[PDB]
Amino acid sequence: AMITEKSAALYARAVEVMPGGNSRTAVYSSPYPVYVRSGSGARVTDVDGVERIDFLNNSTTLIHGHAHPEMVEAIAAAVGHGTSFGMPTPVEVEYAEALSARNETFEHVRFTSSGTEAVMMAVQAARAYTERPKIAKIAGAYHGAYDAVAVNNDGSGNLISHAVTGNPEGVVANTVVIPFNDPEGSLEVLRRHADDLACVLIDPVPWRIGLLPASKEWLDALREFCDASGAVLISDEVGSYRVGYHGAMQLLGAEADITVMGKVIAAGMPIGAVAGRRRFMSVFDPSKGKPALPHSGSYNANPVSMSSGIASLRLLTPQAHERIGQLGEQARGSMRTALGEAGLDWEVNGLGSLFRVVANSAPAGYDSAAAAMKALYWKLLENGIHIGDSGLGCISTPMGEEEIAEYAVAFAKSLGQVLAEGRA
């Protein structure tokens, strides 16, 4: 049924000028991904002219969906005045005020062009502040390509060092790994390295290890350990921020020293932010002589990304937050019902507007749970829906009851087709 000839033709061009026709590993699919030309509200139109409802929204970036009229106005108007400057602008101050207001701990903020840069600068800030070499991170949690955090970032629960080919021992030996939601197991590792730990880097709701939230007991253990050891508690909320109106740590009853943010804080334009207590952020302060930590970047605080940010936070009202949370609860409930009726032991995790289908037992005709989930991703595409190829999805503010109802129909139909093709 599904026609992808224009996607195939774009891929045939792409392989001549990009490695395997790819510029972003996460969006690749074999033998080629679906190419898209436009988005409007909750819907994306592919290069073959097929409109689908987007339930992943650029990996949870597009909290306001595609080309939101108020976002388009703010961004296009900013572009008309100048895309970037070698001088600060009013909108960087306005946006820093808007973001600082979202959480007590966001006292001082700095902007980057990506969550990847923001995580790197948060780690560098903790190292500059403490003058200690080691960082602790969660086993399996992903924090972007920065080499110190590109360690055990593949969804594995194992604590054994596993890094990208070529990442030197000099980097890998200074990143230690803790088990998510295991207070005793985490404190064993942290206490071993306490004298040398610059920071404990967590994601309070890491999707790669199942999109389960950090427990109160685990967050309390890490908070107490950081207070006692002087290690900086860094909450990487580039993905998980959106679960709470004041971010993920606040929802789960905890306080970070530094929070890393991105994605929804500008809802489509390149952004990252490091937001923390004044004392941790003081390493960046250049106003009292040379800063401990120089931090530049050609697009830092560029007025287009700042204008995108102001519009995104303005549209992200308590009412909008509550409504996408309701739709997320409805979507997760409907998926659990459909999986149960299909006779699968698969789970659905998530908070607020985030969800993940977690494939457990491989059904007949699939070599793995992951292969069955990829098949479900492709069947959902055929049935007019975009989700993640490992089960990640999210609600956007343009969605209503009708989009979630259509999703429920497509999900049940797609499960049926996946299972039937496995038994064929």
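Numbering starts at 1 and follows the sequence shown.
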Averaging the C-alpha temperature factors as deposited, the higher value of 323-331 versus 113-121 falls on 323-331
Entry B factor averaged over C-alpha atoms, 332-340 against 68-76: higher for 332-340
From the entry's CA B-factor values, the highest among 108, 242, 216, 263 is 216
The residue of 44, 371, 392, 395 with the maximal C-alpha B-factor according to the PDB record is 371
Chain thirds by Cα B factor, record data; residue 379 belongs to the highest
Among the modelled residues of its chain, the C-alpha B-factor of residue 350 falls in the third labelled middle
Binned into thirds over the chain's modelled residues, the C-alpha B-factor of residue 204 lands in the middle
Among the modelled residues of its chain, the C-alpha B-factor of residue 35 falls in the third labelled lowest
Residue 274: CA temperature factor from the record, placed by chain third, in the lowest
